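Engineer: Sharing a structure below in structure tokens format, with a few things to ask.
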Amino acid sequence: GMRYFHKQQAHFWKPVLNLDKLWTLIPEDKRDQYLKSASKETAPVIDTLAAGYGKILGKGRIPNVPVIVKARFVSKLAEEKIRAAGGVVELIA
Amino acid sequence: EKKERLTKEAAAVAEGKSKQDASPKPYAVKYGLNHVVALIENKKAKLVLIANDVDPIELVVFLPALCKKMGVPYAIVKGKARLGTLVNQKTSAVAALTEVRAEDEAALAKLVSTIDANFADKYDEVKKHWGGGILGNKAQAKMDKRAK
Amino acid sequence: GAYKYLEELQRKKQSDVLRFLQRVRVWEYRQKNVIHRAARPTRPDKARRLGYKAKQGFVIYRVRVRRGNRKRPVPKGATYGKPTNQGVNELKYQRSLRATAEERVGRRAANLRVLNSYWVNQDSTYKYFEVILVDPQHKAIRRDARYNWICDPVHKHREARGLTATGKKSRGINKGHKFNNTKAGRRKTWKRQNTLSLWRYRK
Amino acid sequence: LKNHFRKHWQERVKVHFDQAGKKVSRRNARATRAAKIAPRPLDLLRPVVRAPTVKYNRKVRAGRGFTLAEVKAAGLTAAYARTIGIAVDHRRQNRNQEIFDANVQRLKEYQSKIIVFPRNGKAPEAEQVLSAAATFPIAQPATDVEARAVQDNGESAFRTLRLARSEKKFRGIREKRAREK
Amino acid sequence: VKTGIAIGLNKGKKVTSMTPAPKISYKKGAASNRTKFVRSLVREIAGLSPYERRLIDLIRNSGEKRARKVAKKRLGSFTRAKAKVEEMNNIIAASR
RNA sequence: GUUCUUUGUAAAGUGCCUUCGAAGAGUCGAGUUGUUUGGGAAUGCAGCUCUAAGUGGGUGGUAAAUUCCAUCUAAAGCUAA
RNA sequence: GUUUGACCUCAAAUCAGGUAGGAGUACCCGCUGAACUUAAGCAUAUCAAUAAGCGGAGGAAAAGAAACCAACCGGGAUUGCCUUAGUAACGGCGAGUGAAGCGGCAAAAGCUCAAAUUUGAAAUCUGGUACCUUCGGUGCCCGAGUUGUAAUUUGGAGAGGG
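Residue numbers (the deposited numbering), protein chains in the order written: chain a, 57 to 149; chain G, 104 to 251; chain N, 2 to 204; chain L, 10 to 190; chain i, 3 to 98.
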């Protein structure tokens, strides 16, 4: 292996959130109404950074509901799976 | 003299009708080192006297060159106690004078011409020509006899 | 002002005028004693910026200190242990010669408090410092609130404890990632982090 | 597998039996300070500031003191503020208008809520509050609304990040090429 | 100016801007008229040091490269050697 | 609270323009030796030698050269919890 | 004038008035500095930047208002706790050793000199002495001091002129 002088584990902070959960970040009160109302003109925006998540992954299926995901990093398959349902991924910093 | 000036000032100004007309414009010598070095670089000084004997000579080594550069007539006087006498101190290490009465203007100008001709025009070369190659009398006799 | 000229001129140490003055003054100081009262500073600008004030209760002592490395005073240079110690004439004495001079001067003048010190000259054998001291029993300094702090008893033998500037430097007291082992006290940090903290409800 | 007990650790052992008594003395010190400080809070108003260190920049957080620009914009001076009960930090600088306006409104609210007594006299009784931190709590700003219209353009953020990475990686080479031109 | 993403040449979230003020502990060491005058006069008095006297000979004989080398050795660093040699070049071009 | 004294037309705060804006040297820094540190082409200290600058100087955890950027302002000092 | 004085430097007094020493040393600031032990025996190493030894203070000491951390949408004196972390890193890469920024918290407090001509007035200060309303005040007299005592200014700024 190689070395790293003055390593500090804040450059590397990048927790991950698979697509399977992705609605735990929506409260329960709001979840079932947004599920039934598959409205493309009005979809729930999900801020993953405020929840404490850097990157989004695509381990599993979500329904075909639109959703606006705000994240710093994503995977190709995650973007694909969200776009299938008809959700955009807005990038943040 | 300061005390009598102050009581006269209080008597004339506090009760009477004037602000600073009681005590007139004073003329005197300037004697502080920093004050005189600041008078130079504003070119208010007409004459400067610099004591030859100072402990830290580095206090005064720069002063002749500075007076030359700013165009001031300087002189090097024998005695800092001699300056302390005329300024009510034990030592002064400098003395300056920047203004005079008209009765003494001509004497001051003649004195400055005298100082220039006798001091600077005579010793303008002294920035070269090192000193202090003297020997004791025994060594001098040795050198003389070995020479002849 | 002339103090500026004095500063810029004292910075030019290898010029002819200053090496002449050095050659004279070192001889004078070597004919005088090792510690002796100076009537006035050789360097008024340096003393002025270090805290000297030309009034009663401010004192200047010229002091002489031998140069070189530290020798351990074991008999016949034998240490009676493992050989890895080192050659004996190669030890360095973490405290500086300025601190040594300050402490000797404060031992001679114990009624005074050592405010500061500064280099004046040196030779192959000796270094020369001027030490600035203060009289806290003098009323002009017990008053005059800019210097009445030296009269409190926590400023006794500042030089011996390492509170002068040379002491702070030799202890390595500054801010940064470089002074991490010695920032609040080397031994303090060592005692702090070689310490087993155990709470009531164990973590 | 690594237990650091080869030194004389048994000399340097601190056990915190003094936990409860220290808590009690801390409370008593707070009470005594309150009595000595009676009409005033025991806490200076601190500003809002955004934390550094990407792990934490999402959060807003309480700082040391307000800037001189913030104080002048509010319309009072640093010394009078320090007497009034406001913390001031001369070395913090303002590069964000959001934080600037937030702390300005903080100072405005504080000025409106307080009541200053004259130096000469009266000193009407005021029923102290103990916590300016509780009276003026920190507010996390609101990024966006709960729900919004979707808008897709087809640049796939994955590819966007890859292109950003690539231009960062191959900046210098292209610059040296255009130099050799 | 920022981009609004977590990577790239200018990464980070976009805030509006402020240019707060120019601090006065940024123009430290800048040359004042008094410093210029004092230092010129002190140079006129004290003159040259021995390694400077060597440098003025070696720039005339040997070129600036030997001067830069020996000045890097007599001083600490190349950054200071450059400025010292520039100073000596200006002294030479003035007196000559 | 109740008087004693109004000290003072004496000090302090504030707006705009204009000219300035001094800021610590055998010190910083570099070489070598010893010691120390987690500090690794060398973390801090001390000894010997060398020794600066002012749009400058220090730091930016891989040694140098070149172009930039960011952040502080040393070599003087006091201070409760 | 081979006289009479001024200054500088160095001394002396049972001169007037004060001051240091020594003890204690649980904690605190430095200096100096081992070996037993553990590593196979052992020079590196570890025990340990420990014990013994020396100097020096206080009720706390030290540190302290950045020649800081950072690379963020930037934080913002120091100290201590939780955590960072038995991690980055060091090491016959073996025995073993080993921090720091961030974050939450306790407590919160900011400031001072030198470098600037008062120059239409050394405006400053110790002591002696007589009174007083005595942790001090007023007057008066020797003195310190211009080789710089006061006011004004400390980089966050600030000064001068208007």
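Don't be surprised by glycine CBs; every beta carbon is placed ideally from N, CA and C.
Using the C-alpha atoms, what's the distance from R12 of chain N back to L98 of chain N?
Structural biologist: Taking the first residue of the third sequence as 1, we reach residue 98 of chain N at position 97. Taking the first residue of the third sequence as 1, we reach residue 12 of chain N at position 11. Near 21 Å, if we compare the C-alpha coordinates of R12 of chain N and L98 of chain N.
Engineer: Check the Cβ of residue 114 of chain i against every Cβ in chain a and list those closer than 9 Å, keeping chain order.
Structural biologist: In the structure as shown, chain i starts at 3 and stops at 98, and residue 114 of chain i therefore has no counterpart that could be examined.
Engineer: Just the C-alpha distance for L133 of chain a and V17 of chain i, rounded to the nearest angstrom, thanks.
Structural biologist: Looking up residue 133 of chain a in the first sequence gives position 77. Looking up residue 17 of chain i in the fifth sequence gives position 15. Computed Cα separation, rounded: 31 Å.
Engineer: Using a Cβ cut-off of 8 Å (strictly closer), state whether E97 of chain a contacts chain L.
Structural biologist: Residue 97 of chain a sits at position 41 when you count from the first residue of the first sequence. Closer than 8 Å to some Cβ of chain L, the Cβ of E97 of chain a qualifies, so yes.
Engineer: DSSP three-state call for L19 of chain N: helix, strand or coil?
Structural biologist: Walking along the third sequence from the start, residue 19 of chain N turns up at place 18. Three-state result, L19 of chain N: helix.
Engineer: So, with DSSP's three-state summary, where would you put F75 of chain L?
Structural biologist: Taking the first residue of the fourth sequence as 1, we reach residue 75 of chain L at position 66. Note: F75 of chain L maps to strand in three-state DSSP.
Engineer: Excluding the 5 residues flanking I218 of chain G on each side, which residues of the same chain have their C-beta closer than 7 Å to its C-beta?
Structural biologist: Along the second sequence, one-based indexing puts residue 218 of chain G at 115. The residues are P176 and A178.
Engineer: Name the chain i residues that come within less than 7 Å of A168 of chain G, Cβ to Cβ?
Structural biologist: Residue 168 of chain G sits at position 65 when you count from the first residue of the second sequence. The contacting residues are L43, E46 and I47.
Engineer: With 16 other CB atoms within 10 Å as the buried threshold, where does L238 of chain G fall?
Structural biologist: In the second sequence, counting from the first residue as 1, residue 238 of chain G sits at position 135. Counting Cβ neighbours within 10 Å, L238 of chain G comes out exposed, since fewer than 16 surround it.
Engineer: From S165 of chain L to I148 of chain a, what does the alpha carbon distance come to, in whole angstroms?
Structural biologist: To locate residue 165 of chain L, count along the fourth sequence from 1; it is residue 156. To locate residue 148 of chain a, count along the first sequence from 1; it is residue 92. Rounded to the nearest angstrom, the two C-alpha atoms are 14 Å apart.
Engineer: On the criterion of 16 or more Cβ atoms from any shown chain inside 10 Å, does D136 of chain N qualify as buried, or is it exposed?
Structural biologist: Locating residue 136 of chain N in the third sequence gives position 135, where the first residue counts as 1. By the neighbour-count rule (16 or more Cβ atoms within 10 Å), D136 of chain N is buried.
Engineer: Start and end of the alpha helix (DSSP H) containing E206 of chain G?
Structural biologist: Along the second sequence, one-based indexing puts residue 206 of chain G at 103. Start and end: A205 to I218.
Engineer: By the DSSP assignment, the alpha helix (DSSP H) with residue 18 of chain a in it spans what residues?
Structural biologist: Here chain a covers residues 57 to 149 and nothing more, so residue 18 of chain a does not appear.
Engineer: Which residues in chain L sit within 7 Å of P100 of chain a, going by Cβ to Cβ distance?
Structural biologist: Residue numbering aside, residue 100 of chain a sits at position 44 when the first sequence is read from its first letter. Simply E155 and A156.
Engineer: List, in chain order, every chain L residue whose beta-carbon is nearer than 8 Å to that of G6 of chain i.
Structural biologist: As a first step, residue 6 of chain i must be located in the fifth sequence, where it is residue number 4. Chain L residues near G6 of chain i: none, gap ~11 Å exceeds 8 Å.
Engineer: Could you name the residues that DSSP lists as bridge partners for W120 of chain N?
Structural biologist: For this step, residue 120 of chain N is matched to residue 119 along the third sequence. Answer is N:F130, bridged to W120 of chain N.
Engineer: Here's the rule I'm using: 16 or more other beta-carbon atoms within 10 Å means buried, otherwise exposed. How should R159 of chain N be labelled?
Structural biologist: In the third sequence, the residue the question calls residue 159 of chain N occupies position 158. Under this definition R159 of chain N is a buried residue.
Engineer: Across which residues does DSSP place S198 of chain N in a beta bridge pair?
Structural biologist: The residue labelled residue 198 of chain N in the question sits at position 197 within the third sequence. For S198 of chain N, which the question treats as bridged, DSSP gives the partners L:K23.
Engineer: Could you pull the start and end residues of the beta strand (DSSP E) that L92 of chain N belongs to?
Structural biologist: Indexing the third sequence from 1 puts residue 92 of chain N at position 91. No beta strand (DSSP E) contains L92 of chain N, which DSSP labels as neither H nor E.
Engineer: Output, in sequence order along the chain, the residues in the region 5–19 of chain N whose CB is closer than 8 Å to any CB in chain i.
Structural biologist: The region 5–19 of chain N vs chain i, Cβ under 8 Å: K5, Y6, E9, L10, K13, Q15, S16, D17, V18 and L19.
Engineer: Leaving out five residues before and five after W191 of chain N in sequence, what residues of the same chain have Cβ atoms less than 6 Å from its Cβ?
Structural biologist: The count along the third sequence starts at 1 and reaches residue 191 of chain N at position 190. Excluding residues within five positions, none has a Cβ falling inside 6 Å.
Engineer: If we ignore side chains and look at the alpha-carbon of each, how far apart do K185 of chain L and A85 of chain i end up?
Structural biologist: The residue labelled residue 185 of chain L in the question sits at position 176 within the fourth sequence. The residue labelled residue 85 of chain i in the question sits at position 83 within the fifth sequence. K185 of chain L and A85 of chain i: Cα-Cα distance of roughly 29 Å.
Engineer: On the DSSP bridge assignment, give the partners of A127 of chain a in chain order.
Structural biologist: By 1-based counting over the first sequence, the position of residue 127 of chain a is 71. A127 of chain a is bridged to a:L147.
Engineer: Would you please verify whether the beta carbon of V140 of chain G is less than 8 Å from any beta carbon of chain i?
Structural biologist: On the second sequence, residue 140 of chain G is found 37 positions in, with the first residue counted as 1. Answer no: the Cβ-Cβ gap between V140 of chain G and chain i never drops below 8 Å.
Engineer: Step through the CB atoms of chain L and report whether any lies within less than 8 Å of the CB of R24 of chain N.
Structural biologist: Counting from one through the third sequence, the residue named residue 24 of chain N turns up at place 23. So, not an interface residue.
Engineer: Residues of chain N with CB closer than 8 Å to the CB of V40 of chain i, please, in chain order.
Structural biologist: Position 38 of the fifth sequence, counted from the start, is the residue given in the question as residue 40 of chain i. Simply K5, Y6 and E9.
Engineer: Residues of the region 16–47 of chain L with a CB closer than 8 Å to any CB of chain N: list them in chain order, please.
Structural biologist: Within the region 16–47 of chain L, the qualifying residues are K16, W18, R21, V22, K23, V24, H25, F26 and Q28.
Engineer: Just the Cα atoms here: how many angstroms apart are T196 of chain N and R188 of chain N?
Structural biologist: Looking up residue 196 of chain N in the third sequence gives position 195. Looking up residue 188 of chain N in the third sequence gives position 187. Answer to the nearest angstrom: the Cα atoms are 12 Å apart.
Engineer: Please tell me whether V155 of chain N and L134 of chain N are closer than 8 Å, where the distance is taken between their beta carbons.
Structural biologist: The count along the third sequence starts at 1 and reaches residue 155 of chain N at position 154. The count along the third sequence starts at 1 and reaches residue 134 of chain N at position 133. Cβ distance not < 8 Å, so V155 of chain N and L134 of chain N don't count as in contact.
Engineer: Residues of chain a with CB closer than 7 Å to the CB of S165 of chain L, please, in chain order.
Structural biologist: Residue mapping note: residue 165 of chain L aligns to position 156 of the fourth sequence, counting from 1. Those are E135, listed as they occur along chain a.
Engineer: Using a Cβ distance threshold of 8 Å, determine whether the region 143–157 of chain G contacts the region 201–212 of chain G, with at least three qualifying pairs required.
Structural biologist: Taking 8 Å as the limit for Cβ pairs, the verdict is that the region 201–212 of chain G does touch the region 143–157 of chain G.
Engineer: Buried or exposed: where does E79 of chain L fall if 16 or more other Cβ atoms within 10 Å of its Cβ makes it buried?
Structural biologist: Taking the fourth sequence and counting its residues from 1, one reaches residue 79 of chain L at position 70. Per the 10 Å Cβ criterion, buried.
Engineer: Are there any heavy atoms of the ligand SAM lying less than 7 Å away from the beta-carbon of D98 of chain L, as far as the coordinates show?
Structural biologist: Although the ligand SAM was asked about, the structure shown includes no ligands whatsoever.
Engineer: So with Cβ pairs under 8 Å, would you call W28 of chain N a contact of chain L?
Structural biologist: Within the third sequence, residue 28 of chain N is the residue found at index 27, counting from 1. By this cut-off, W28 of chain N is not an interface position.
Engineer: Across which residues does DSSP place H37 of chain N in a beta bridge pair?
Structural biologist: Taking the first residue of the third sequence as 1, we reach residue 37 of chain N at position 36. Its beta-bridge partners are N:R63.
Engineer: Quick check on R70 of chain L: does DSSP put it in helix, strand or coil?
Structural biologist: Residue 70 of chain L sits at position 61 when you count from the first residue of the fourth sequence. Three-state DSSP puts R70 of chain L in a strand.
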